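>>> take these chains first, placed just as they are in the complex:
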Amino acid sequence: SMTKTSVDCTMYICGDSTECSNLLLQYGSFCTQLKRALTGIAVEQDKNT
């Protein structure tokens, strides 16, 4: 198994800036699918073990 990892879009891309966070919504469903992929990877690691 690997190390289960999780990524926060707002903290990574925009940090603590509010304006960047507001502008981030315009790009759509990127973060949803990124988090879905990472969650699937983590559940897969647990299933492997």
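Noted; the coordinates are in hand. Numbers count the residues shown, from 1 in each chain, chains lettered A, B, ... in the order given.
>>> gap between stretch A:8-22 and the chain center?
How far stretch A:8-22 lies from its chain's middle: 12 Å, per C-alpha atoms, centre = their mean, to the nearest Å.
>>> what about residue A:39, how many neighbours?
By other C-beta atoms under 10 Å, the residues close to residue A:39 number 12. Every C-beta, even on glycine, is put in place using the N, C-alpha and C of the backbone.
>>> pull the contacting residues for it.
Counting by C-beta atoms under 8 Å, 6 or more residues apart in numbering, residue A:39 makes contact with residue A:6.
>>> can you classify it as helix, strand or coil?
At residue A:39, secondary structure determined by DSSP: H, G, I helix; E, B strand; the rest coil is helix.
>>> the following sequence is to be added as chain B:
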Amino acid sequence: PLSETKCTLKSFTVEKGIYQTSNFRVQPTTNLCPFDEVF
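Take a look at chain B, now in place beside the chains above:
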């Protein structure tokens, strides 16, 4: 918290589980200058 999940999954019924709804950020809460020589 039930609805913040219902709203995220775009569904009105949820099945037993752990789902990541969002994130919890704690939001934000002597050499004196010689004026005495002039004034």
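>>> back to the contacts of residue A:39, now that we've got chain B?
Contact partners of residue A:39, counting by C-beta atoms under 8 Å, 6 or more residues apart in numbering or on different chains, are A:6, B:20.
>>> how about residue A:9, nearest residue that isn't a chain neighbour?
residue A:31 (4.2 Å; C-beta to C-beta, 6 or more residues apart in numbering or on different chains).
>>> that neighbour and residue A:11 touch, don't they?
No. Here residue A:31 lies out of contact with residue A:11, judged by C-beta atoms under 8 Å, at a distance of 11.4 Å.
>>> more crowded one of these two?
residue A:31 (17 against 12; other C-beta atoms under 10 Å in any protein chain shown).
>>> buried stuff in stretch A:12-27?
A:13, A:24 (16 or more other C-beta atoms under 10 Å in any protein chain shown).
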